[PDB]
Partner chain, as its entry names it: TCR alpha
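Starting off, we have a lone chain in the form deposited without its partner chain, written out as structure tokens.
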């Protein structure tokens, strides 16, 4: 559980850019920046947290001016910083513990530690030169420290409360079986699909009765448009050994009633 902001800035040439900004409570997107209207977009009714409209207006004003300042600053010093177009700047900041990190061309470049920007030693002279430009105003850095140490912890706790009915919901998975498309000769690939579950932690194994089949290969947990998760678990078996196999799913929402499906019927085929 951690509140963080994701900032993506693409500088294709001196006269063209694209800025994308979003707020996150771990895997959950809670806010978006509208590049057109230059306003905060609340994705949930509880996204406003325990903060007021006046407090939100000042936060909005601070973000709007710092982005115009950032794009102009990077444009002005791109040559001295040895930034060659097209390039991308990524920033992530928040609290878990507090952090604020910046990448250039998808690699660690600089980070904010305590009250100043520190270069990543590997990023070399460019990153030292960037920190010189970023640390020009100490008052601006003190504002950054206070946002990370004071404003951020106050926001995350006051958000986890307002969104409690959402983050703690239990959504039951559904599962199904299919044939895998790339098996070897004399072998089959059995696939167990698990979808629609929330929260993310899940257990899925191919079984032979009570024996877990350790050839079970679990893929990545993938997102669904509705906020639930998906996972596929595959098992490579010899064609004459797919008998009595089942896929078993355990999830917090099921309260001990595991889902069990059997490699049977037209999948065998009988």
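Here the rigid core means the biggest group of C-alpha atoms that line up within 1.5 Å when the two forms are laid on top of each other. Numbering follows the first chain given and starts at 1. Shifts are known only where both forms have a C-alpha.
Where residue 96 is followed by residue 97 in the displayed chain, the model omits 4 to 9 of the deposited residues that sit between the two.
The mean Cα B-factor in the deposited entry runs higher for 16-24 than for the other of 246-254 and 16-24. As recorded in the PDB entry, 179-187 is the stretch of 86-94 and 179-187 with the greater mean C-alpha temperature factor.
As recorded in the entry, 136 carries the highest CA temperature factor of 136, 144, 105, 195. Comparing C-alpha B-factors across 50, 32, 228, 234 in the deposited entry, the largest value falls on 50. Residue 46: CA B factor in the highest third of modelled residues in this chain (values from the PDB entry). For residue 110, the recorded CA temperature factor ranks within the lowest third of the chain's modelled residues.
Per the PDB record, residue ranking by Cα B-factor puts residue 59 in the highest third of the chain.
In the PDB entry, residue 150 places in the highest third of its chain by CA B-factor. Sorting the modelled residues of the chain by their CA temperature factor places residue 239 in the highest third.
We do not show the form solved in complex with its partner chain, though everything after this point is about it.
When its partner chain is considered in the deposited complex, only one residue from 168, 125, 146, 116 comes within 4.5 Å through any heavy atom, namely 146. At a distance threshold of 4.5 angstroms between non-hydrogen atoms, residue 59 is in contact with its partner chain in the deposited complex.
Residue contact with its partner chain in the deposited complex: residue 151 places a heavy atom within 4.5 Å of it. Contact check for residue 55: a non-hydrogen atom falls within 4.5 Å of its partner chain in the deposited complex.
In the deposited complex, no heavy atom of residue 46 sits within 4.5 Å of its partner chain. Looking at 170, 138, 107, 114 after a core superposition between the shown form and the other one, you find that only 170 has a C-alpha shift of 2 Å or more.
Taking the rigid core as fixed, one finds a CA shift for residue 154 smaller than 2 Å between the shown form and the other one. Relative to the superposed core, residue 127 undergoes a Cα shift smaller than 2 Å between the shown form and the other one. Core-superposed comparison between the shown form and the other one: the Cα of residue 64 travels less than 2 Å. In sequence order, 170-264 is the sole run of at least 3 residues present in both forms whose Cα atoms shift by 2 Å or more between the shown form and the other one once the core is superposed.
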